[PDB]
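Notes to accompany the following structure.
Protein chains: 2
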Amino acid sequence: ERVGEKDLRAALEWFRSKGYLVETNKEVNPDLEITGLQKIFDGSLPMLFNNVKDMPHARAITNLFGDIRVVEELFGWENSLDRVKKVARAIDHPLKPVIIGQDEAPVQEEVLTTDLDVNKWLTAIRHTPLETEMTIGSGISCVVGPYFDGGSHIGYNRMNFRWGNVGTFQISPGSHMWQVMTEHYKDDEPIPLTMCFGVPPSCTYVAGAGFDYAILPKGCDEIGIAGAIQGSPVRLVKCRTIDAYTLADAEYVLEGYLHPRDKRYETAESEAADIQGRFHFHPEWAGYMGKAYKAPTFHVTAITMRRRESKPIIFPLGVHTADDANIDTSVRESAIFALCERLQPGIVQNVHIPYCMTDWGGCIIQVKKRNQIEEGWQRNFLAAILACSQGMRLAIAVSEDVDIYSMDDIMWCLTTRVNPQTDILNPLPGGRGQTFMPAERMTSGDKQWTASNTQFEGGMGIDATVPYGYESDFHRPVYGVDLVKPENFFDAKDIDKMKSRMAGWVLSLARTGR
Amino acid sequence: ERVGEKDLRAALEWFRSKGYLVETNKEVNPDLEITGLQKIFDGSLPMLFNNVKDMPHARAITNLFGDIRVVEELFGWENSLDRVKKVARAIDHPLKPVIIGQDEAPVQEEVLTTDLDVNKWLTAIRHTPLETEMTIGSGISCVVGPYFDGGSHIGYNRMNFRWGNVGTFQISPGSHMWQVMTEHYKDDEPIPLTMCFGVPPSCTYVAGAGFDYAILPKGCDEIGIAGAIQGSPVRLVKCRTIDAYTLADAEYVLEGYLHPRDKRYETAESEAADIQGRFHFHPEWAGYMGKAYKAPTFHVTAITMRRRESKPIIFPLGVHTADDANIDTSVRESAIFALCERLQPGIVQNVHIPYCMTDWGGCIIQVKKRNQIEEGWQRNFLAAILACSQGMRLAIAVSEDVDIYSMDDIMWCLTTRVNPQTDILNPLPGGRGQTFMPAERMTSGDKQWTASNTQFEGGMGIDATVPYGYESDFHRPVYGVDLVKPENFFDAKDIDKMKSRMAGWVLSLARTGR
Ligand SMILES: CC(C)(COP(=O)(O)OP(=O)(O)OC[C@H]1O[C@@H](n2cnc3c(N)ncnc32)[C@H](O)[C@H]1OP(=O)(O)O)[C@@H](O)C(=O)NCCC(=O)NCCSC(=O)c1ccccc1C#N
Ligand SMILES: CC(C)(COP(=O)(O)OP(=O)(O)OC[C@H]1O[C@@H](n2cnc3c(N)ncnc32)[C@H](O)[C@H]1OP(=O)(O)O)[C@@H](O)C(=O)NCCC(=O)NCCSC(=O)c1ccccc1C#N
Ligand SMILES: [Ca+2]
Ligand SMILES: [Ca+2]
Ligand SMILES: [Fe+3]
Ligand SMILES: [Fe+3]
Ligand SMILES: [Fe+3]
Ligand SMILES: [Fe+3]
Ligand SMILES: [K+]
Ligand SMILES: [K+]
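Line by line, the protein sequences give chains A and B.
164 is the number that the authors' numbering gives to position 151 of the first sequence; each next residue is one higher, with no gaps.
186 is the number that the authors' numbering gives to position 173 of the second sequence; each next residue is one higher, with no gaps.
Written out as structure tokens, the structure is:
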């Protein structure tokens, strides 16, 4: 029982074969060093640390999804558009997970039912020097079967184990875990779930999804979507101490129960002062320094893992990195594309959630109007995206003559193609927002800065598309960059010099001559 | 009379000494090849073409201001902020131009008072294959003395000489030339002016300015500002056939008279169909394909130039390039900074007009609120900038923890720091706009698409700053990128690989660890 099928170790072997893996044997400190090195090489190749300070049994990998190109190469996609379309198709066609025996699951080689000190086995890290606690943010929640209406859910939840085998469990209001906890908020028994660490890359990719429940509602099969993404079923295994299932090919597994009504503070400082929304926790998805809140507790009852001599791998990652941004926004883009295609097929050409747009904060859709009867569909798309993606603050629609991956080109569209009196939608003022946005959280006023007091401003949908029938007046003409060859005029040396001095919007403008 | 003092040739020598000059002897075609090569290397080093097709007496340089770094090095500035502050100081302290004798002016070595075929001596170019005419867009208008209220004006004006020695003269409504023509629209005598070609780089830098007349009103000394920028007075010389002055150190000079009431069409096609706003002319500053209009005529009476064996240099440049963008937006940024400093000193920290913002289209100001009594000044600044910069469509204010040069960071500020119900200003709906913006020009409806029928939407001022006293809640925390050294963990080879895979917002985030 020591082989993961399409597991993280196979991905590491593939990275090493492609030359995309950077290893080191120097001992890395989980306190400020892993996240520091990840931010120094933000959006770069994966880094594998063989020696982690005070964790002789663990290896740490980071920047696994830092470069979207290497991720697309790992999953067999040509480019971002191909990835979006293939992931939408996978969302509509899940692969049912397969259950294997308890004696052939690689993640159950070692089963600790006592001596449950999570902080001794799972690597907790500190992101910034301003933090006080070391937290665990590498595990994905896994709920399979009756508690998810016969489907399966996988997603990240940050945990702070400050009571040995009991830690806080951060749940986004409105998410799948929030819906499960709300349905069972007044039950007598706790919710049995497991946290998986070092899972297969497809499971991480699908766990990044969130707040796309018009496409992935409660009862869907997220593990099935991961299996369809990886081209084969994901293996499940029955837990040892609870009635649930786990990812058999993970590296660590925490079995336990979620107590919805047993809420405790995430940090000792906030627990002392007894207020939420202040007292920094660590950097969050909106790009701001974090805050600490009360949260339900996760009561661990068993710690399963691979053979400790094999040094099971854990994937710790800073929040404000290209890694986390890719992990969330990839399936977010695919789900937004699927929704727009459901509403009216053939109009949306591409969807992109750039790193700068705060994974749950905004998105960009590219629409192509084929005739006069399709004019106005971009506004329906913007309203539907803002309403079906809770707390999304800025959705932008652009035409097909726009480079959706260049923020400079988007800014140009905003400057030249937006009528400020009619092209700025504010669909749902007073709806549900995201508490982690400081602009929204500051609307609490003098109340507790939690989700119960914030007041959403309604989002912002910007229609920066060209009106149909005015494509000649809004034409970005072309420069003749294909009609002349620089080799006829200069030598290779000068051409390389001039090319090396180029960066930014000019790279996009020179490719298209636009 | 054959030495320009701080002239274009001295700048070429400096570029060659610094290794920033790329030369070639292959004959370049002014039709689609110069602009094509400039767009292939957009924002790169200057290119000098020694042989121009059908112009055996002329040399052509392009991308002279393509790289703002080489421009700042040429003028002796450390960075863009230093450039902005120094240029504001120069705006407030002009150097009076000096007049030299007619026999020592390098630009008057050859004086052609007959055989005035402008197209035979001045290199006209075609930008895109969609155009029909070859136009002259390398000369700057120069009005000195009584017709500019004792001051001096320099600025670009595109000319199409389709009547031998008479060509159209494109004038922006509201500009300095527009104000001069409006003051003398009903005079009997024409307006005597000269067009200078291959002028000193400081004169090009100052001619790029426009629509900043709260700082550079009619009657100012723009040539004095150029002299102050270059650190020495600009030399003037009395014209030969008219009562005016010219830049003595230019390469070509066209003396003549501007006939405000003698308006003709810019292209034969639009003249035939007899409509304006259609019938493409060439790419304009807003990044769109151009249109042709009626315009006053410039009646040339003499063509002065340097010795034709010296091959005088001409500076043709495509409109939608980093070159033109720098040329305009540099002094635009300095003037906006000066205005904001006049209104309330010490609040604005930096001003930037990115390439993506359509030189007259938008700007970004960075404000730092020092106390509670300064909260709200960013809105005064935005309103004043939108009102005193005619036709500006999008002004954005950001806080001091923002990278003003990264469009991704600006998009992040837009996503997380903008209240759509209170932070989007629309100050002056129905005011004066820019006819060359298609979004504005399409408001003409069924009328002629000219400046007489467009209806401005009012501009858009976005207050994306952090409210004072909430700097802890809007804190972009920091990652510990200075506390760990990658050399201790990896070798130089892997570090260079990981660094080479990085580009875009990650370069800004990794420098600040933010
Ligand atoms: C809002 C909440 C939780 C509430 O807590 P509070 O505002 O303090 O109010 P409350 O809970 O005490 O009272 C409430 C009363 O409503 C009844 N009630 C309460 N809940 C339920 C329920 N589920 N079902 C049925 N009834 C319920 C109770 O009956 C009664 O409560 P009880 O009397 O029973 O105790 C509040 O604490 C709170 O955490 N905000 C913040 C939570 C939040 O944004 N995370 C987002 C996580 S994204 C994230 O990280 C991330 C994502 C991507 C990338 C990086 C990162 C990072 N890095
Ligand atoms: C609007 C206009 C000119 C008017 O023309 P029209 O709309 O057709 O109306 P109109 O002139 O025939 O009539 C008008 C009537 O108002 C009276 N009147 C008219 N003018 C005056 C005056 N100055 N003073 C006193 N009275 C005056 C006349 O008394 C009567 O005219 P008359 O009867 O006497 O003839 C119209 O033609 C027109 O060109 N729009 C477009 C012009 C325009 O945006 N360029 C912007 C140039 S930025 C540029 O390139 C650029 C910049 C940076 C980087 C790259 C690039 C590029 N690449
Ligand atoms: Ca993305
Ligand atoms: Ca600029
Ligand atoms: Fe889920
Ligand atoms: Fe629009
Ligand atoms: Fe002027
Ligand atoms: Fe604001
Ligand atoms: K998920
Ligand atoms: K000027």
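All C-beta atoms in this analysis are idealised placements derived from N, C-alpha and C, irrespective of residue type, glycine included.
Closer than 7 Å: is that where the CB of residue i sits relative to any heavy atom of ligand 8?
i: B/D422; result: no
i: B/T48; result: no
i: B/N439; result: no
Compute the minimum distance between the beta carbon of residue i and the heavy atoms of ligand 9, and state whether it is under 7 Å.
i: A/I167; result: yes
i: A/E235; result: yes
i: A/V219; result: yes
Verify the contact flag: residue i, CB atom, against every heavy atom of ligand 1, threshold strictly below 7 Å.
i: A/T448; result: yes
i: A/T280; result: no
i: A/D372; result: yes
Against residue i, what residues of chain A qualify as contacts under a CB-to-CB distance less than 7 Å, listed in chain order?
i: B/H488; result: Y301 and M302
i: B/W518; result: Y368 and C369
Taking Cβ-Cβ distances shorter than 7 Å, what residues in chain B pair up with residue i?
i: A/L427; result: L407
i: A/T37; result: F502 and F503
Given the structure, does residue i come close to ligand 10, in the sense that its CB is under 7 Å from one of the ligand's heavy atoms?
i: B/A222; result: yes
Please tell me whether residue i and residue j are closer than 8 Å, where the distance is taken between their beta carbons.
i: B/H312; j: B/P203; result: yes
i: B/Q51; j: B/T334; result: yes
i: A/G211; j: A/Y265; result: yes
i: A/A257; j: A/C209; result: no
i: B/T428; j: A/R430; result: no
i: A/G290; j: A/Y301; result: no
i: A/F469; j: A/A299; result: no
i: B/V219; j: B/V193; result: no
i: B/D476; j: B/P213; result: no
With a threshold of 7 Å (Cβ to nearest heavy atom), would residue i be considered close to ligand 4?
i: B/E346; result: yes
i: B/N339; result: yes
Just tell me which of the options has its CA closest to the CA of residue i.
i: B/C216; options: B/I242, B/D201 and B/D225; result: B/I242
i: A/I378; options: A/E279, A/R445, A/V415 and A/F62; result: A/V415
i: B/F502; options: A/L61, A/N178, A/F469 and A/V344; result: A/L61
i: B/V131; options: B/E268, B/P358 and B/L34; result: B/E268
i: B/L125; options: B/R320, B/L352 and B/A408; result: B/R320
i: B/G517; options: A/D80, A/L21 and A/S343; result: A/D80
i: B/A137; options: B/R175, B/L143, B/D128 and B/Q121; result: B/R175
i: B/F328; options: B/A73, B/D200 and B/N42; result: B/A73
i: A/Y492; options: B/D67, B/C233, B/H70 and B/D44; result: B/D44
i: B/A464; options: B/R454, B/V83 and B/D337; result: B/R454
i: B/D507; options: A/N170, A/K498, A/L58 and A/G472; result: A/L58
i: B/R355; options: B/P69, B/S30, B/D95 and B/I104; result: B/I104
i: B/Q183; options: B/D200, B/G177, B/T148 and B/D162; result: B/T148
i: A/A397; options: A/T145, A/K31 and A/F350; result: A/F350
I want to verify the contact list: residues of chain A whose CB lies under 8 Å from the CB of residue i, in sequence order.
i: B/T141; result: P490, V491, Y492 and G493
i: B/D459; result: Going along chain A, no residue has its Cβ under 8 Å from B/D459, so there is no contact; the nearest lies around 13 Å.
i: B/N439; result: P433 and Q434
i: B/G331; result: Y492
What does residue i reach in chain B if we use C-beta pairs closer than 8 Å?
i: A/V497; result: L45, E46, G49, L50 and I53
i: A/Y483; result: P451 and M455
List, in order along the chain, the chain A residues whose C-beta lies closer than 9 Å to that of residue i?
i: B/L58; result: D507, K510, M511 and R514
i: B/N173; result: Those do not exist, as B/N173 stays about 18 Å from chain A at its closest Cβ, beyond 9 Å.
Any heavy atom of ligand 6 within a distance shorter than 7 Å of the CB on residue i?
i: A/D486; result: no
Any heavy atom of ligand 7 closer than 7 Å to the Cβ of residue i?
i: B/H189; result: yes
Ligand 2 and residue i: does the residue's C-beta get closer than 7 Å to at least one heavy atom of that ligand?
i: A/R72; result: no
Under 9 Å Cβ-Cβ, which residues of chain B neighbour residue i?
i: A/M147; result: Those within 9 Å of A/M147 in chain B number zero; the least Cβ separation is about 14 Å.
i: A/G374; result: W425, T428 and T429
Q.
I need the residues with a C-beta less than 5 Å from some heavy atom of ligand 3; please give them in chain order.
A. In chain order, the qualifying residues are A/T342 and A/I366.
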